[PDB]
Amino acid sequence: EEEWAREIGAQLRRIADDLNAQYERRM
Amino acid sequence: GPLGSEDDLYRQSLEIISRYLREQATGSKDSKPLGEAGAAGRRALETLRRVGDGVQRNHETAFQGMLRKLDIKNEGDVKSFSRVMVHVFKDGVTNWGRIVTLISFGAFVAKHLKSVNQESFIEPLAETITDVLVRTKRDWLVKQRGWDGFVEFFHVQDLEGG
């Protein structure tokens, strides 16, 4: 019901967070 | 009301995102210059596309896998789409990488829709993603100078003159 959306939203989160962190801290 | 009610960012974002979705969905690497969007639109377009196509390939199974689950068939799929966005922004952390992923996922959806000739859902999806993505944290867009900040933050050590 919501599990699928949770993982989908979390996946984009996992990928996005690490992606932005690369520029966020290391410049 | 006055100038405080105007949203020039919306004009640029709508322009860049809708164009990006259309060029990506058709595989058209040759998109018309961001003249009507902004000088930084071109840099944003090339950067957004490179990261978007890159994250999709780096996470083929994850991106194509999640894409298969979220197959667009009706307007009802738009409601769940917004929920996926809200799911990513659930913590309240507004970062560029999260914006690129939301647009990249949308681009993949548009690509998937175009593949099945579902353009009727692509146009509304592109505009929906744009409004929802920009309106949720428009205050952040203003603080980060919009796309100008996107290219600045995503391309810190850029050469610019070459």
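Residues numbered from 1 in each chain as written, not as in the entry; some residues may be left out. Chains lettered and ligands numbered in written order. Heavy atoms only, no water.

**Remarks on the packing of helix 1 (residues 3–24) of chain A against helix 3 (residues 60–69) of chain B**
1) Next: Between helix 1 of chain A and helix 3 of chain B, whose axes approach to 11 Å, the crossing angle comes to 155°. If you check the angle between helix 1 of chain A and helix 3 of chain B, you find them roughly antiparallel. When the axes of helix 1 of chain A and helix 3 of chain B are compared, the crossing they make is left-handed. Two secondary-structure elements touch here, helix 1 of chain A through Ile8, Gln11, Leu12 and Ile15 of chain A and helix 3 of chain B through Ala62, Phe63, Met66 and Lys69 of chain B.
2) Next: Looking at the contact of helix 1 of chain A with helix 3 of chain B residue by residue, the class counts come to six nonpolar, one polar and one charged. (Axes fitted to C-alpha atoms, helices over the stretch in contact; angles between N-to-C directions. Helix = DSSP H or I, 4+ residues; strand = E, 2+ residues; numbered from the N terminus. Parallel < 35°, antiparallel > 145°, perpendicular 65-115°, else oblique. Left-handed = near helix turned anticlockwise from the far one by under 90°. Contact = heavy atoms within 4.5 Å. Nonpolar A, V, L, I, M, F, W, Y, C, P; charged D, E, K, R; others polar.)

**Some thoughts on empty space enclosed by the protein**
Residues and elements named next belong to chain B.
1) Next: On inspection of all chains with the given rule, the structure shows one cavity of 30 Å³ or more.
2) Next: Considered as a void within the structure, the largest cavity measures approximately 90 Å³ in volume.
3) Next: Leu9, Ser13, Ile17, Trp96, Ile99, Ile103, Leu133, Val134, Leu141, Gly146 and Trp147 together form the lining of the largest cavity.
4) Next: Within the residue set of the lining of the largest cavity, elements represented by two or more residues are helix 1 (8–26), helix 5 (96–115) and helix 6 (119–136).
5) Next: Classifying every residue of the lining of the largest cavity by side-chain character gives nine nonpolar, two polar and no charged. (1 Å grid on protein atoms, 1.4 Å probe; cavity = no way out; pocket = protein on both sides within 12 Å on 5 of 7 lines; lining within 4 Å. Points joined across faces, edges and corners; volume = space filled by probe spheres on them.)

**What to know about the environment of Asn58 of chain B**
All names here are of chain B.
1) Next: Relative to the elements of secondary structure, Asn58 occurs in helix 2 (residues 39–58).
2) Next: For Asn58, a relative accessible area of 65% translates into the label exposed.
3) Next: In terms of polar contacts, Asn58 uses its side chain to reach the backbone carbonyl oxygen of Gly54, at 2.7 Å. (Buried < 20%, exposed > 50% of the residue type's maximum accessible area, 1.4 Å probe, protein only. Polar contact = N/O pair within 3.5 Å; in protein donor to acceptor, adjacent residues only side chain to side chain.)

**Quick look at the UniProt feature "short sequence motif: BH2" in chain B**
1) Next: Feature annotation in UniProt assigns "short sequence motif: BH2" to the following positions: residues 139–154 of chain B.
2) Next: Between the end C-alpha atoms of residues 139–154 of chain B there is a gap of 19 Å, over a span that is 81% helix and 0% strand. (UniProt positions renumbered as here; feature names shortened; annotations may be inferred.)

**Quick word on the interface of chain B and chain A**
1) Next: Listed per partner, the contact involves 24 residues of chain B and 18 residues of chain A.
2) Next: In total, about 1900 Å² of surface goes out of reach between chain B and chain A, with carbon and sulfur atoms giving 74% of it.
3) Next: For the pair chain B and chain A, the interface holds two salt bridges.
4) Next: Here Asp91 of chain B ties to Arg13 of chain A by a salt bridge, and the two come within 3.1 Å at their closest N and O atoms.
5) Next: Between the two partners, chain B and chain A, sit five residue pairs in polar contact.
6) Next: Per-element tally for the side of chain B that touches chain A: the top contributor is helix 5 of chain B, with six residues.
7) Next: Taken together, the residues of the side of chain B that touches chain A sort by class into 14 nonpolar, seven polar and three charged. (Buried area = accessible area lost by both parts, 1.4 Å probe. Salt bridge = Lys/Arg side-chain N within 4 Å of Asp/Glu carboxyl O.)

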